[PDB]
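> Sequence below, structure please.
(8 chains, ligands or ions: 4)
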Amino acid sequence: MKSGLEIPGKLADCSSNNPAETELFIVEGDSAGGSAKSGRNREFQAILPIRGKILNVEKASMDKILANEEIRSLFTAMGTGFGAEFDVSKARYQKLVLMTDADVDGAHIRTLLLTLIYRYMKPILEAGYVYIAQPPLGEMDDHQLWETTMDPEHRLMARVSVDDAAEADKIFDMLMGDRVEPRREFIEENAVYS
Amino acid sequence: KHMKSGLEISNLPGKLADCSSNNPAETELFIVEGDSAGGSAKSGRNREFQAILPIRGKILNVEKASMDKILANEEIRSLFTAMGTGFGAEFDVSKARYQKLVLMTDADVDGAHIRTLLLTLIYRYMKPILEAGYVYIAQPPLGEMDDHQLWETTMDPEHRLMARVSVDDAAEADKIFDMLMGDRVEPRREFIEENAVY
Amino acid sequence: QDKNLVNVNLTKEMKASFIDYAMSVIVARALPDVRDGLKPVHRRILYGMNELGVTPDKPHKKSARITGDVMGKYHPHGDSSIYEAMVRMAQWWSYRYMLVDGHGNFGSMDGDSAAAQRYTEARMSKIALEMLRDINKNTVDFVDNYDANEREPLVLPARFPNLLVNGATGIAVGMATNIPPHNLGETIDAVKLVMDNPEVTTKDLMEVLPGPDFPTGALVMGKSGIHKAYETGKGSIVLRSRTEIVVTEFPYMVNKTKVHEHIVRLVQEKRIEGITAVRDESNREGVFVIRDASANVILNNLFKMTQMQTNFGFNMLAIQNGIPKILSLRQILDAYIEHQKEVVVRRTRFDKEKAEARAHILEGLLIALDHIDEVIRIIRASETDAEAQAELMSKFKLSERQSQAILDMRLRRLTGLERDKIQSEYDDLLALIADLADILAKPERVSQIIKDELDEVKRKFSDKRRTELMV
Amino acid sequence: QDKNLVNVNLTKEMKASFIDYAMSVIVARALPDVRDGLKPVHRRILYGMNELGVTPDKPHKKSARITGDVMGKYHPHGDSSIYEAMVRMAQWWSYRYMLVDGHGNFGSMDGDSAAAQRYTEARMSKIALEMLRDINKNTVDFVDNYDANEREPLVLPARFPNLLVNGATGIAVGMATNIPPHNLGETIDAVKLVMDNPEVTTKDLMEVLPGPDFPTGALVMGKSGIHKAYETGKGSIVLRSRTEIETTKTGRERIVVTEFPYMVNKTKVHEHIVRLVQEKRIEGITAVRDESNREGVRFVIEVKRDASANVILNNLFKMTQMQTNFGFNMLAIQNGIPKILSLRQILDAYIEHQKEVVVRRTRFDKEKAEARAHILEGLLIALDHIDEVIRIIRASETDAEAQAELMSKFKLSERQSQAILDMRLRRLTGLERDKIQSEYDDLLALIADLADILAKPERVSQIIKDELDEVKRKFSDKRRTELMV
DNA sequence: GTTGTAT
DNA sequence: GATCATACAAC
DNA sequence: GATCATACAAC
DNA sequence: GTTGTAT
Ligand SMILES: C[C@H]1COc2c(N3CCN(C)CC3)c(F)cc3c(=O)c(C(=O)O)cn1c23
Ligand SMILES: C[C@H]1COc2c(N3CCN(C)CC3)c(F)cc3c(=O)c(C(=O)O)cn1c23
Ligand SMILES: [Mg+2]
Ligand SMILES: [Mg+2]
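Numbering: from 1, shown residues only, chains lettered A, B, ... in the order given. Ligands and ions are numbered 1, 2, ... in the order given. Here you go, the structure:
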């Protein structure tokens, strides 16, 4: 456990210093942040709101990437570093949970956060530190989220595991890629409307 | 006649829908509250001699504000920048960009407050302007008003009714601000209790 | 260059404009009504939820739905200004007795704001319903809204001493009001005690009402202030935190986080030793943990330097009869009692007039059902419903209404079992009209009905005392 | 740690999450419906406004109110997103035919943002009322709202081709639509044409529907793309600001702009010109003054002596947004799926949705007319046998027995019997019958007519055509955008 | 600075 | 959505 | 209230 | 960069 008095504007940090039990919850907006922050067990569970839609790095200029304030917050939280400074052995959290809303928009933010993690935090995903919350989010009380998704004794997590990197690399490039035509085809192909 | 021609740098406030003319003897500067009204004024203002300068929120009460705070306020700053008059040991009434400063606040009680905060600023840090008879006050018959509505009722000089802010006794003036705006509450409390018909 | 220009003295405009914003901010924004102890916003949110049908029994509605209405109908201001007020009426730390039941993020004790009106939905609180009881029985005066295309109540019935129970605050113009919360039960006790022995005294009133009872609990050191406060309407009191070094309860309107942040600052500035650690192990089911330091010395310093101990200055200012007044405990009780009496009477009169009206039309129907053969013969012979009414009125000596009531009679109500069904109702009304007539005639009953209906509230909504008074 | 943990494949979850958001946006946000040419939020605002009762006849209602019920009953998104979408369909320059009437600062062409909701009030536009006509006669299917405690319409009646007339745009995922506004009267003439002559060709159609008719006006350069768009749904068009050269009072040229292209901001172009004039990227400009009045657009670019206005003009047309291209991408939702439709296909779509709505109404009108006359037949018999009827009623203890007798004695249905039991004594006057008779007689005619319309498809189309001519006759404009080669 | 209805 | 200044009284 | 970055396609 | 629905 920490001792405080030490020294992101947001990100409600926990009270322990054991990146083996501690957890970071990346929720979207301070609407879901308060609910999550007001019943998280501030001992091994910290929250960090991702304001707005995360930048799609699979189509962004590595200059605009190093510019985004949101991606700097998430990296600043983790404490891993970036690119040549990637130090998985220094991650402040052994569990990064993606707790986006249960709407489509949240589903979108899921893909963005995943592309960001897979591209510029692969070592994290390769080590299995990335999970995905499984809600049944601002329209939810404190005890409601705690007794449903945030409590370890209960709840249900989804460990992100990559199988065929090639397939993974291909997918992102297809969906989050620059080429649009390929993406459309995918829509036309794997999509049932009526 | 003399008029602007774009291309100019100006370096004026980001807001301020400055007019086209450059005659500080015909043009007019409208100090509105919020862009809700500013937008109505900005569009439908005869963009030739009427400029719109939106003031956001409640202007700092100079009577209770430290000078160090007055020089930091961007709201009052943009104003002095719009007039081009100058501050304190530089206030040149002979260098003002407008000879008609029309205070046009909302027709609500809150509008009457901003109107109060302004006049104190204009009388505390722009006295020369008021002593020159430039400060006027719109007399509407504002956000909930269309373009043609604003102009046809208060912005058109052919049908608008304005009021010239004149000062009688500077002694009685310095006192009214010291009471109504002064850091003193008791006096202001007594005043309200004495001059208020519920 | 203007055509019709006018001159306006500076001092004249200043005095006019200022008074205009002063009165408006005082008697219509920042100060509560001594009666229902509400200020225009809260009263509009309540009457809003009411008309919207977000009653405690009905399901919640999205705040955007509520704010949208309260704004487009009664309160001509910003969503934030409303939704923000609605959010305080739903926080246990803010109101001693909440006036709203919302779902979703409604803020935290740590200063955390509420969520977006697009995520949170809410509805009246059960106890809040008492604020509106019999609102639709002419118990309150109504007025036109700013748009002049709607009507709103000047005050709510307020079947419980809201002002004293929940408190008031605060900042106006040239004056500010600060009233602390009290226990629902204790207050009611005071109300009754006054209705019993008007010759009561400050000391006596304090027998059933110790003092404030803040929704956070904590402790109030000293009692001398409470007295002078209840007697003059102005006074001061100290509020300390419940500790055991762990802190269990913080003072009124005090933030745990802020205290935490400030405690950290005092730790890194030779302002206190011992400070080994300072954590906040507060859960969703309770609240803040903090050698050779004695602690009692460092603990005594924290309360005298930080915010763990604050002073609450009594300044009971409300709006009575259109004017702001510094009222005492008695002045507030008498003011509430009088408002209560007006409502029971007003309500009683309302029922009275309805019953009597109902009986009048009931007497006719009977007359008609008795002579259905002639009544129908009269109608059948009648060409126009206008003539049909004149005849019935001339024959059976009936009034325009009674006659109209007869003409609007469904055939299915011309059966046998019907007559006796109207008689049974009619008979019951005479007893009602006769009972209500006695209540309006006997001031004693109205008072008793008040006492009774209060104890019913104290029995359904009263809490246990949270704030422990010390000396 | 946890107890029950599952394992998700990155590629697996990715494709799932994306496919969800992908379709979500396509069929439920970005692209509109080919029939009413509306998108969820626009349709929810219109219907919502209908329920709030803010019709052309009734007075305006605070904006916050409108968005308040629309967000609380239909559109499960941010308040701003609704109010924004509402304001837009109230701007003469954003909507070729506005669907909303606002009161107060609803923004300006110069990019000005409308005032706060706490200031502006709105309502339906007289024409928008056509988008809802017969909404309550079961002409449109409804479905549960997001909350499953409110019922909303999948599509609207839309008694005028709102897709072509007001256009669409447009950004979704993997796709994006872009359709230009047209002239009401013209669009209608096109719809009517395709109805009377199915063998019509794009050329034949373009004879009455020349092309785009944008709200601001301006000019179109090259019709080649226009025919390409109508025949394939994809095409490129060149748009140019209507201009004219004037001679100043001193005797030098003055370039005057009166009608910028569609979706072109005057001020944005004014700032663009200054950045180019002060950058030496374009010389010859004496000044750039905006003399636009609340009664017209006047953007003047005065040229200096010894300078060809024309030379500067073309430079402006080539460098500023004073001349731009319009990417015809006529993509709309049809049969649940997004499709790139031609002009004919979009018309055929409208005519059909038009036939359906009419029939349903006719049916709905019939079923009602008949249901009534049935009750009228009962009331008559009852008013003919009032004595015996009243006898049966009074001699009955329970209504169940009273009704049962009436049905059995006069051979009446449960509906008819109840009707008789609910008759007011006032209905038992002399003049009352002759009234109920007239009504009944009138119903037999209506039911006859309505029975015919549903028997003759020739009458349904004729009813449509006739009703279009009326919409046209009442809301049609004069063409604003001049097409030229 | 902080409290709460306001611009 | 989050964040920015300010009036107004009173510790 | 005004402003701040972002997804998404096409140009 | 700009367009228009979304976070
Ligand atoms: C959902 C929130 C997300 O954050 C937003 C923005 N940011 C993204 C993150 N940046 C760090 C700071 C700026 C923004 F610039 C604009 C809006 C906005 O207009 C908006 C709305 O509902 O209308 C809502 N939101 C916005
Ligand atoms: C009326 C406007 C005036 O401007 C405002 C602020 N500013 C003052 C001027 N400053 C230059 C920039 C910040 C502000 F910080 C907050 C609010 C605010 O919360 C708010 C509301 O209706 O809830 C309304 N307004 C605010
Ligand atoms: Mg605010
Ligand atoms: Mg936005």
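
> List the residues that contact residue C:402.
C:360-361, C:363-365, C:367, C:393 (CB atoms under 8 Å, 6 or more residues apart in numbering or on different chains). (C-beta placed from N, C-alpha, C; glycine too.)

> From residue C:242, how far off is residue C:302?
In this view, residue C:302 and residue C:242 are 14 Å apart by CB to CB, to the nearest Å.

> more neighbours, these two?
Taking neighbours as other CB atoms under 10 Å in any protein chain shown, residue C:302 and residue C:242 compare with residue C:302 leading, 26 against 18.

> mind listing what that one touches?
Applying CB under 8 Å, 6+ apart, the residues contacting residue C:302 are C:263, C:266, C:272, C:290, C:308.

> Kindly report the same for residue C:230.
C:202, C:205-206, C:328-330.

> what do you get for residue C:410?
For residue C:410, the contacting residues are D:421-424, by CB under 8 Å, 6+ apart.

> Please apply the same query to residue A:154.
Residues in contact with residue A:154 (CB under 8 Å, 6+ apart) are A:147-148, D:3.

> of those, closest to DNA strand G?
Proximity to DNA strand G was ranked across the contacts of residue A:154 by CB to the nearest atom of the strand; first place goes to residue A:148, at 28.2 Å.

> Spatially, which residue comes closest to the closest one, not counting chain neighbours?
residue A:136 (6.0 Å; CB to CB, 6 or more residues apart in numbering or on different chains).

> sec struct for the one you found, please.
Under DSSP: H, G, I helix; E, B strand; the rest coil, residue A:136 falls in the coil class.

> isn't it right next to residue A:144, touching?
No: contact between residue A:136 and residue A:144 fails when scored by CB atoms under 8 Å: they sit 9.8 Å apart.

> More neighbours: which of the two?
Higher neighbour count among residue A:136 and residue A:144: residue A:144, with 18 against 9, using other CB under 10 Å.

> What is the neighbour count of residue C:224?
So residue C:224, with other CB under 10 Å, has 11 neighbours.

> what residues does the stretch 101-250 of chain C put near chain B?
Contacts of the stretch 101-250 of chain C with chain B, taken as CB under 8 Å from any CB of the partner chain, map to C:173-175.

> Which ones among these lie within strands?
Counting by DSSP state E, no part of these is found in strands.

> wait, does stretch A:177-186 contact chain D?
Yes: using CB under 8 Å from any CB, a contact is recorded between stretch A:177-186 and chain D, made by A:180, A:183-184, A:186.

> Which positions in chain A make contact with DNA strand G?
Counting by CB under 7 Å from any atom of the strand, chain A comes close to DNA strand G at A:52-56, A:59-60, A:64, A:67-69, A:108, A:111-112, A:176, A:180, A:183.

> if we go to 10 Å?
A:51-61, A:64-71, A:105, A:108-109, A:111-112, A:115, A:175-184, A:186-187 (CB under 10 Å from any atom of the strand).

> Buried among those? Make that a ChimeraX selection.
This is how ChimeraX selects the buried members of the residues of chain A next to DNA strand G, with burial counted by 16 or more other CB atoms under 10 Å in any protein chain shown:
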select /A:54,55,56,57,58,60,65,68,70,71,105,108,109,111,112,115,175,176,177,183,186,187
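
> now, which of the residues of chain A next to DNA strand G lie close to ligand 1?
Contacts with ligand 1 within those, as defined by CB under 6 Å from any ligand atom: A:51-52, A:69.

> Which of those residues sits closest to DNA strand E?
Distance to DNA strand E across these (CB to the nearest atom of the strand) is lowest for residue A:51, with 21.8 Å.

> residues in chain A within reach of chain D, list them.
With CB under 8 Å from any CB as the criterion, chain A meets chain D at residues A:21, A:104-105, A:107-108, A:110-111, A:114, A:118, A:125, A:132, A:134, A:152-164, A:167-168, A:171-172, A:175-176, A:180, A:183-184, A:186-187, A:190-191, A:193-194.

> Identify the residues contacting residue 56.
I'll assume chain A. By CB under 8 Å, 6+ apart, the contact set of residue A:56 is A:112, A:115, A:176.

> um, chain C though
Applying CB under 8 Å, 6+ apart, the residues near residue C:56 are C:101, C:123-126, C:128-129.

> Excluding chain neighbours, give the residue nearest to residue C:177 in space.
Distance criterion CB to CB, 6+ apart; nearest residue to residue C:177, sequence neighbours excluded, is residue C:317 at 3.5 Å.

> Please read the previous query as pertaining to residue A:33.
Spatial nearest neighbour of residue A:33, chain neighbours left out: residue A:49 (4.1 Å); criterion: CB to CB, 6+ apart.

> go on, residue C:153?
Using CB to CB, 6+ apart and skipping the chain neighbours, the partner closest in space to residue C:153 is residue C:140 (4.6 Å).

> Same question for residue C:445.
Among residues not flanking residue C:445 along the chain, residue C:439 sits closest, at 4.5 Å (CB to CB, 6+ apart).

> Quick check: that neighbour is in a strand.
No: read with three-state DSSP, residue C:439 is helix and lies in no strand.

> Save the contacts of residue C:302 as CSV, and put in secondary structure and neighbour count too.
Converted to CSV, the contacts of residue C:302 look like this (DSSP: H, G, I helix; E, B strand; the rest coil; neighbours: other CB atoms under 10 Å in any protein chain shown):
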residue, secondary structure, neighbour count
C:263, helix, 23
C:266, helix, 16
C:272, coil, 17
C:290, coil, 21
C:308, coil, 24
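
> Tabulate those residues (TSV), appending distance to DNA strand G.
Converted to TSV, the contacts of residue C:302 look like this (distance: CB to the nearest atom of the strand, whole Å):
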residue	distance to DNA strand G
C:263	30
C:266	32
C:272	37
C:290	35
C:308	32
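
> Got phi/psi on residue A:169?
With angles defined as degrees, to the nearest 10, residue A:169 sits at phi -50, psi -40.

> Quick check: the gap between residue A:134 and ligand 2.
Per CB to the nearest ligand atom, to the nearest Å, residue A:134 is found 37 Å from ligand 2.

> List the residues that contact that residue.
Contacts of residue A:134 (CB under 8 Å, 6+ apart): A:149, A:155-158, D:6.

> and the biggest helix by length in chain A, is it in reach of chain C?
Ranked by number of residues, the top helix in chain A under DSSP state H is helix A:104-120. No: applying CB under 8 Å from any CB, one finds helix A:104-120 separated from chain C by no less than 12.1 Å.

> Which residue is the nearest non-sequential neighbour of residue C:168?
Nearest to residue C:168 is residue C:179, by CB to CB, 6+ apart, at 3.9 Å.
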